[PDB]
Amino acid sequence: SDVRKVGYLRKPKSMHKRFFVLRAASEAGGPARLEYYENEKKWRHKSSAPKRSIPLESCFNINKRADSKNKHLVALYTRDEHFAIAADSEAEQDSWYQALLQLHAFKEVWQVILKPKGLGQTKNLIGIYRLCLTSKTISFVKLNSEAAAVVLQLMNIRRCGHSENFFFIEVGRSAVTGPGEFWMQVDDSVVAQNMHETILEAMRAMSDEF
Amino acid sequence: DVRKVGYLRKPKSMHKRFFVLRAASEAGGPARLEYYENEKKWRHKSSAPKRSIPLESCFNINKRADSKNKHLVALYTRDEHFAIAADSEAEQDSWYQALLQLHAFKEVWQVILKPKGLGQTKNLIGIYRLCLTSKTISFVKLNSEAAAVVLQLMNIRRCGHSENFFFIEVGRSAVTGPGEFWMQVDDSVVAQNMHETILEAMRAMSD
């Protein structure tokens, strides 16, 4: 009856304990949504509105993440933002992640900051975009947008790399954008490194397809 | 019949030997690279060349470089790899072009296929020749004329080097199945270079 999962989880930034509440869809209470309150008392006593109430139907992607600060993140990607919650363990991270999918496209999704360097300036793709990875392509979807600015084939990426909290993608002449690099900033060197390893692995995994 | 002449060093012993390039003649013999103890022996026709390698037997000729010699010109025949060390990039190029003028693969490296991984499993051990084209990598056992295996560049997952070693890990789509070929080379300078050259070959495919 409404509440599927409940518990204290941390906000990745300020790292404050907030009491989260996952609720199933109902014809009275409202849609499937993830909410959080200042603490548990305010929820129990119905003495406050949730500080945030995110509908699951608006989340196009849900992933388990990690950075230099928080080892067990669970990230939600809607058309307008990236909402993350910091679990205290891999076990807890998976429970929430699993609960969310139980009530809720791309293999991976990363929110990045496309710099004006290289193809950034030449193709005018700067600011906040979402790097969406499949088994065969990488798309750059602008924040607040539902359609892709550009789709790159994994086959056309000559190389990719990272330096500090930056990550780049060099595409060959056979790419839709022509040759050039795509530079983008991320939270820290940890996430920049995972971005590199995951995409590279997806590049290498192509030789495994018959 | 003499096309080019001069002192070069034997890469191994670093001895100074007098090399003579000869065009084919219907009297003196076929196009060939030969060398003498010194110039006097060649001028005075008082000695047989220490070596006489016919060009028609060289399937590939390459400019090379390792930790000991920076300007090598290598000849690859069915049975051996013969390298000459020049004293500069200019001289290496001069000889390289002359040899080509009288004379398949973009690159050819002779390697020591180790019994690690796909080496033992496919019984590809010992001296082989890694032959690189723009789209493939072929392994030709020394003394042989046909390639043991032909790897499509698209099938390689990753290649790298460690010390004087170089590996190639292929994917499932490989004709040999997944796994890795380990091969030893002269030094780290050559392993690194194979890595780069080949890697660029993998990346250049997206162009």
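Residues numbered from 1 in each chain as written, not as in the entry; some residues may be left out. Chains lettered and ligands numbered in written order. Heavy atoms only, no water.

In the PDB archive, X-ray crystallography is given as the structure determination method for this entry, at a resolution of 2.3 Å.

**Regarding the overall build of chain B**
The secondary structure content of chain B amounts to four helices and 14 strands. Against the globule reference of 17 Å for 207 residues, chain B gives a C-alpha radius of gyration of 19 Å, in line with a compact fold. Dimensions along the principal axes, computed over C-alpha positions, put chain B at roughly 60 × 35 × 35 Å. Counting the 207 residues in chain B, one finds 45% classified as buried. Total accessible area on chain B stands at roughly 10,200 Å², and carbon and sulfur atoms take up 48% of it. (Helix = DSSP H or I, 4+ residues; strand = E, 2+ residues; numbered from the N terminus. Rg over C-alpha atoms; globule rule 2.2 N^0.38 Å. Buried < 20%, exposed > 50% of the residue type's maximum accessible area, 1.4 Å probe, protein only. Areas by Shrake-Rupley, 256 points an atom, 1.4 Å probe, with all protein chains shown as cover.)

**Comments concerning the domain arrangement of chain A**
Residues and elements named next belong to chain A. Annotation of chain A at the domain level lists domain 1 (2-104) and domain 2 (105-207). For domain 1 versus domain 2, the distance between C-alpha centres works out to 27 Å. With 15 residues of domain 1 at the contact, the number on the domain 2 side is 16 residues. It is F60, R65 and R79 that lose the most area in domain 1 upon contact with domain 2, and together they represent 40% of the buried surface on that side. Between domain 1 and domain 2 we count eight residue pairs in polar contact in total. (Domains from an automatic or database assignment. Contact = heavy atoms within 4.5 Å. Buried area = accessible area lost by both parts, 1.4 Å probe. Polar contact = N/O pair within 3.5 Å; in protein donor to acceptor, adjacent residues only side chain to side chain.)

**Examining the interface of chain A and chain B**
Across the boundary between the two partners, chain A contributes 15 residues, which contact 13 residues of chain B. Counting each side, the surface lost to burial between chain A and chain B is near 1,300 Å², with a carbon and sulfur contribution of 37%. Of all residues in chain A, the largest losses of buried area upon contact with chain B belong to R158, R204 and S207 of chain A, amounting jointly to 50% of the total for that side. In this structure, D208 of chain A engages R157 of chain B in a salt bridge whose closest nitrogen and oxygen atoms are separated by 2.8 Å. At the boundary of chain A with chain B, the tally comes to 10 residue pairs in polar contact. Taken together, the elements giving at least two residues each to the side of chain A that touches chain B come down to β12 (157-163) and α4 (189-204) of chain A. Counting residues per element, the side of chain A that touches chain B draws most heavily on β12 of chain A, at three residues. Class assignment of the residues belonging to the side of chain A that touches chain B gives a composition of four nonpolar, four polar and seven charged. (Salt bridge = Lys/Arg side-chain N within 4 Å of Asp/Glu carboxyl O. Nonpolar A, V, L, I, M, F, W, Y, C, P; charged D, E, K, R; others polar.)

**Side note on the sheet that holds strand β12 (residues 156-162) of chain B**
All names here are of chain B. Across the sheet, which stays open at both edges, the seven strands sit in the order β11-β10-β9-β8-β14-β13-β12 with antiparallel pairing between neighbours. Both edges of this open sheet fall to β11 (149-152) and β12, since each of them pairs with a single strand only. Strand after strand, the sheet turns through a mean of 30 degrees between neighbouring axes, direction not considered. In the sheet, strand β8 (residues 107-117) pairs with strand β14 (residues 179-184) via three bridges, with the strands oriented antiparallel. Along β14, the bridge assignment pairs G117 with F181. (Pairing = 2+ DSSP bridges. Axes fitted to C-alpha atoms, helices over the stretch in contact; angles between N-to-C directions.)

**Let's talk about the layout of surface pockets**
A volume near 800 Å³ is recorded for the largest pocket. Surrounding the largest pocket, 28 residues form its lining, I157 and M203 of chain A together with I156, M202 and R203 of chain B being those nearest its centre. If you list the elements that add at least two residues to the lining of the largest pocket, you get β12 and α4 of chain A together with β12 and α4 (188-203) of chain B. Along the lines of polarity and charge, the residues of the lining of the largest pocket split into 14 nonpolar, seven polar and seven charged. (1 Å grid on protein atoms, 1.4 Å probe; cavity = no way out; pocket = protein on both sides within 12 Å on 5 of 7 lines; lining within 4 Å. Points joined across faces, edges and corners; volume = space filled by probe spheres on them.)

**Topic: the environment of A65 of chain B**
Tracing the sequence through the fold places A65 of chain B in the loop between β5 (58-64) and β6 (72-77). Setting aside anything within four residues of it in sequence, one finds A65 of chain B in contact with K70, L72 and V189 of chain B.

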